[PDB]
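Trainee: No sequence on hand, only this structure:
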């Protein structure tokens, strides 16, 4: 445990700094521990209110996502915290088709290319909040065509339609 260890470091840090500050003084040791304690407490968790919408929680069937027979792959460009890629991939992967993510072993366009070519050999999707607004989302059909123009809605629809079939009642 990383946080657990540090959490214990803080507890003992506060008891030592305070206990020594009073009975053995030493503003040098006192100041050194207090500072180290301040960052320590802020390291493990400055405030719980920080979190929002609550954290993950189990339900019943399965306790995590799945990815193996992914027929499509929806990623985005432009460097970032993978926030946009996780948002779209979540909707696509979770609500529609099950997609994977790749971005290792590749020179230029390592992310978009490595994933689409290696991971998304069948169907691919190059979305992007920035593109969706000023441009739009793209559905790379390396297999059938190469690149398509969709606005997220068509991305999940097209990929799902190509993988599935119309009409459910017979």
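Mentor: The structure has been received and is ready for your questions. Numbers count the residues shown, from 1 in each chain.

Trainee: Would you mind measuring from the residue nearest the centre of the chain to residue 101?
Mentor: For the chain, the residue nearest the mean C-alpha position is residue 86 (5.0 Å; CA atoms, centre = their mean). Distance of residue 86 to residue 101, given as CB to CB, to the nearest Å: 9 Å. From N, CA and C alone the C-beta is placed, and that goes for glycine too.

Trainee: how many neighbours does the residue nearest to residue 137 when sequence neighbours are not counted have?
Mentor: Leaving out its chain neighbours, the residue that sits closest to residue 137 by CB to CB, 6 or more residues apart in numbering is residue 127, at 4.1 Å. By other CB atoms under 10 Å, the residues close to residue 127 number 26.

Trainee: next one: phi and psi at residue 127?
Mentor: phi -80, psi -150 (degrees, to the nearest 10).

Trainee: distance of it from residue 99?
Mentor: For residue 127 relative to residue 99 (CB to CB), the value is 11 Å.

Trainee: who touches both of those two?
Mentor: Residues touching both residue 127 and residue 99 (CB atoms under 8 Å, 6 or more residues apart in numbering) are residue 74.

Trainee: And for residue 133, the neighbour number?
Mentor: Residue 133 has 8 neighbouring residues, counting by other CB under 10 Å.

Trainee: Within the helices and strands, which one has it?
Mentor: helix 129-134 (DSSP states H and E).

Trainee: what do you get for residue 121?
Mentor: Using DSSP H and E, no helix or strand contains residue 121.

Trainee: just to revisit the earlier point, quick check: what element follows whichever strand or helix holds the residue nearest to the centre of the chain along the chain?
Mentor: Using DSSP H and E, residue 86 sits in helix 83-89. Going down the chain from helix 83-89, the next helix or strand is helix 110-114, by DSSP H and E.

Trainee: From the rest of the structure, what touches that next one?
Mentor: 75, 77, 102-106, 126.

Trainee: Same question for stretch 66-74.
Mentor: Outside stretch 66-74, the residues that reach it (CB under 8 Å, 6+ apart) are 88-89, 92-93, 97-102, 115-116, 119-120, 122-127, 155, 159, 163.
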